[PDB]
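A.B. asks: sequence, then the experimental structure. Questions to follow.
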Amino acid sequence: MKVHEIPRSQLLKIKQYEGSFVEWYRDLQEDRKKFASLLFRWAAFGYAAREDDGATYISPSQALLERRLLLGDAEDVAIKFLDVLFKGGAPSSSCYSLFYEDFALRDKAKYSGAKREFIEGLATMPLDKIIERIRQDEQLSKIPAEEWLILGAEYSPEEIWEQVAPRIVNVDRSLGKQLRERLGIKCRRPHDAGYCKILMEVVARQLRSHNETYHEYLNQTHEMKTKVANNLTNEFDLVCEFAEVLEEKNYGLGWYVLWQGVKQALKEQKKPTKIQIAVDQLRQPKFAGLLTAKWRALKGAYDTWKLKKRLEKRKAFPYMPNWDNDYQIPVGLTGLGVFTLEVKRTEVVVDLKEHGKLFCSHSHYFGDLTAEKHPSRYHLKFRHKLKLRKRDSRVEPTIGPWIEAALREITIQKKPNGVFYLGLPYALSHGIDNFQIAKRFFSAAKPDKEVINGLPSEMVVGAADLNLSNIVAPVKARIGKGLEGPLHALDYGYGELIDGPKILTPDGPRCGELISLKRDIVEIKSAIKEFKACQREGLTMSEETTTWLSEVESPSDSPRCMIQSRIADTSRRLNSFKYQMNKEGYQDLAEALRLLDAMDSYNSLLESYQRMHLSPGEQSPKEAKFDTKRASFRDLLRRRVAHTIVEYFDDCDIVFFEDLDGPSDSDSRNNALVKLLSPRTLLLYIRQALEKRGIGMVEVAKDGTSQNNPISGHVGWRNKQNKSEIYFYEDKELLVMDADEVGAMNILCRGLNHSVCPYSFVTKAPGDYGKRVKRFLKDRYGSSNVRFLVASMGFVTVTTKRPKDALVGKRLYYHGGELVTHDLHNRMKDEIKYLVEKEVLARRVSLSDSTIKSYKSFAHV
DNA sequence: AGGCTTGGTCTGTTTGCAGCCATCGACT
DNA sequence: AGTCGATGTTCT
RNA sequence: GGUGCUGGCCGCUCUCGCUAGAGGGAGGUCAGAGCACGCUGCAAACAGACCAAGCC
Ligand SMILES: [Mg+2]
């Protein structure tokens, strides 16, 4: 079967070093360091020079100046050298040649494997297959197919090679040797192939990381000045004229500031609102051409101004990369540096043959590690144990499973504390089938039919919905060609469900009073300004905030110190529950979550008590205390969300998730999840722990997955006071279920639909739809080039003719099979919204039921 | 008391570049 | 047999 | 048995202060383990947090 390896690495703290290495490391982080800032100029990279006063703005012409002013003669070769260096990969086979002083060349090109296969079948190979092999080969075109053909007919295969190798050689490999002598280039060590071979690719490994950014950072400047001057309307002609006369008067302009300006200026309103400076400038004649603008044609003139102002804050070219910080030095078995390795008294040892031996410590991640050398790879076998602090604890150390893997190179780094670490970039022999199916089959709209036939009969899926509430609600399922069932999967068949959907981490107990503890910090932020706003006016304080302050046993009624006792009593609460949760190791994520935010508002509060005394206009330059906690903690919770999500998804082959970082609706900027814990870092941290077990992961859209009904597709209402419940109107009977459960089904639904079944899209006139939108209109109604008609009851119809009466350039919603419009999707929400308000009784419907024959959401048949 | 816009200073958050080497030929 | 230098590819 | 994460106590220092106290910060010190673990360099865009004004 086909396998695919997965790159991972975990630390190893080095204790002692032996030999001349210490100088050796310091030389590479000085040889790298030394020449990287010189090679910067050779490709003429336009660079800002970092400075406290600003950033100087050097241009390519101001940098191409010193290219020939630094190399008068190597220029005509260096440009050929940089390309054969920027291509990289390995066909640049020996770029190290310039550093190595004894660099020898051979007069023959090497006998490559693909260079052998081409000669023995030179007699019969067709020219419409001979020329498609060589055209794409760097060494083969240099001889035209004429003299290629003659040797195949006359000569037996083995004789031909003896006379073509000095002809098809890649003459770029000499470019390195010339530059050293013509430039007087000396490194620190020069007969040492290791020192050279590593350093060449190492500096290159840091440089190519800058070239592709360079042409990509630029190609944005070419796409940004295209999409600012493509939407210049007579509405842009006066929208930016609004901010010019706003900054002179010392003001600015926002987004939701926009809609209450014309509604108060279209009826004589003599009592201003928060935007009177706009309303008084929305009564002048030069901005009276703005009050009369349309509905949607102004959202497409707000983004350009919100896009143009990003063109002006952006620098014209990248900064200069700072190279002083130590880089992760890699050393590999074959070709690069040479190393051997052992486990000495369960303590790791590393040996480098020319330059002496490192020393190493016993590690917990590799708990029962073993090593056996094979000629190309190291084979490791180990498991994960726990970390053993207590000696007479009844507590067994958690045993991980054994891991069979391969390892071929090692990494080294100094940390700012002066410690040398050692890394192990290891590869995992795992089945590629799950990944192979993941990208090609579920991600995309239509896979080729030779790919669809790459499926076994039955396989397992999963999904969940994650919001800040009770985070994980999974559902496992079974999909089958043979087996019939209630969920429709595109191109694979029907499926029937094993477990789920259930919530797995319900919000723990201590949360209820920790939010109640957050409110205690909520009032301290608004109250500290009351001590600071009456210091400027001369007034006293409000009793309602004062009455709250007295709730503490405070030995002084002074307003100042009672503030401090509500906070010391608050810090103790955080200090205490810190301890009693540290006992556990944080086994309830849902608990630590509302605690994490509680740890946030406390640190967010101490920055206003240090700045209480400050008279108006003098600040405190709060410095980095390199709080190591808040950074390396909120990571731990994410790498702990894996364990609860992996445990329930081990037996699955594929997983699905809600990608909350995509084109979402408007309420997702203030949302805490983009603020509290990264979606993609969490989804990727799941992927990294899912890839580890050879289980594919494929995201799907985030557009209204919580909203739709899994059974009937009809709309629902996420209760605006209780986000955990959601309501539905079907069959003249009201129903209710759990929202963050509902989302798990709609993600499982949309997953088996390849995200094809849409939620909302924008019309045009038969500006094209994406390839994932097409397969819906073609499969159901008949084609892609279709206009849409408003019809009886205010529905929408798909017409196979293309008339001009119809609505074009608008927006829709999809429910149960019917294409409905926007003024109806409000009405449809309005249908449930009113029934709940009138205090009617609904019927809860679990989705674990068997009475359901088929789920009709995101399926078309 | 609260509700935005502007800017500065400081960390913190979310991304796409580079990478995780095999094989012959000369020589022991 | 074995070491270490120097050399080899191409689709999205 | 490598990196994380935690509270008391001690002083030390720092900041304010209706005088009551609080809050930091790198280390010296008393307590707790059913806690997961892709390491790393260059780069770029937002948002988050506090002091200032004008404005309704
Ligand atoms: Mg949700």
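C.D. replies: Thanks, I have the structure now. Numbering: from 1, shown residues only, chains lettered A, B, ... in the order given.

A.B. asks: residues near residue A:767, how many?
C.D. replies: Counted with other Cβ atoms under 10 Å, residues neighbouring residue A:767 total 8. No exception for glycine: its C-beta is placed from N, CA and C like everyone else's.

A.B. asks: for residue A:184, that is, sorry about that
C.D. replies: Close neighbours of residue A:184, defined as other Cβ under 10 Å, add up to 7.

A.B. asks: which bits of the stretch 601-750 of chain A sit near RNA strand D?
C.D. replies: A:604-614, A:616-620, A:625-629, A:632-633, A:636, A:639-640, A:642-643, A:646, A:669-670, A:675, A:688-689, A:692 (Cβ under 7 Å from any atom of the strand).

A.B. asks: and those residues near DNA strand B, which?
C.D. replies: A:619, A:627, A:675.

A.B. asks: turn those into JSON lines, columns for neighbour count and secondary structure.
C.D. replies: Formatted as JSON lines, these follow (neighbours: other Cβ atoms under 10 Å; DSSP: H, G, I helix; E, B strand; the rest coil):
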{"residue": "A:619", "neighbour count": "7", "secondary structure": "coil"}
{"residue": "A:627", "neighbour count": "10", "secondary structure": "coil"}
{"residue": "A:675", "neighbour count": "12", "secondary structure": "helix"}
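
A.B. asks: closest to residue A:292 out of these?
C.D. replies: Taking Cβ to Cβ as the measure, residue A:292 lies nearest residue A:675 of these, at 38.2 Å.

A.B. asks: quick one: the closest one from residue A:471, how far?
C.D. replies: 15 Å (Cβ to Cβ, to the nearest Å).

A.B. asks: repeat for residue A:650
C.D. replies: Note on residue A:650: its distance to residue A:471, by Cβ to Cβ, is 18 Å.

A.B. asks: which one of these two is surrounded by more residues?
C.D. replies: residue A:471 (24 against 9).

A.B. asks: is the spatially closest residue to the more buried one that is not a sequence neighbour in a helix, a strand, or coil?
C.D. replies: Residue nearest to residue A:471 in three dimensions, not counting chain neighbours: residue A:505, with 5.4 Å by Cβ to Cβ, 6 or more residues apart in numbering. The assignment at residue A:505 comes out as coil when based on DSSP: H, G, I helix; E, B strand; the rest coil.

A.B. asks: same check, this time on residue A:613
C.D. replies: Residue A:613 ends up coil, using three-state DSSP.

A.B. asks: what residue in chain A is the furthest from its centre?
C.D. replies: In terms of distance from the mean C-alpha position of chain A, residue A:154 ranks first, at 58.3 Å (Cα atoms, centre = their mean).

A.B. asks: strands along the stretch 351-500 of chain A, start to end?
C.D. replies: In the stretch 351-500 of chain A, the strands defined using DSSP state E, counting those that start in this stretch lie at A:356-359, A:370-373, A:378-382, A:403-407, A:409-414, A:420-423, A:426-428, A:430-431, A:458-461, A:477-480, A:487-489, A:493-496.

A.B. asks: neighbours around residue A:185, how many?
C.D. replies: Number of residues near residue A:185 (other Cβ under 10 Å) recorded here: 14.

A.B. asks: ugh, wrong one, residue A:285
C.D. replies: Counted with other Cβ under 10 Å, the neighbours of residue A:285 add up to 6.

A.B. asks: again with residue A:642
C.D. replies: What residue A:642 shows, counting by other Cβ under 10 Å, is a neighbour count of 18.

A.B. asks: residue A:232 now?
C.D. replies: When neighbours are defined as other Cβ under 10 Å, residue A:232 has 13 of them.

A.B. asks: now it. Nearest residue, chain neighbours left out?
C.D. replies: That would be residue A:304: by Cβ to Cβ, 6+ apart, it lies 7.8 Å from residue A:232.

A.B. asks: could you measure from the one you found over to DNA strand B?
C.D. replies: Residue A:304 sits at a distance of 15 Å from DNA strand B (criterion: Cβ to the nearest atom of the strand, to the nearest Å).
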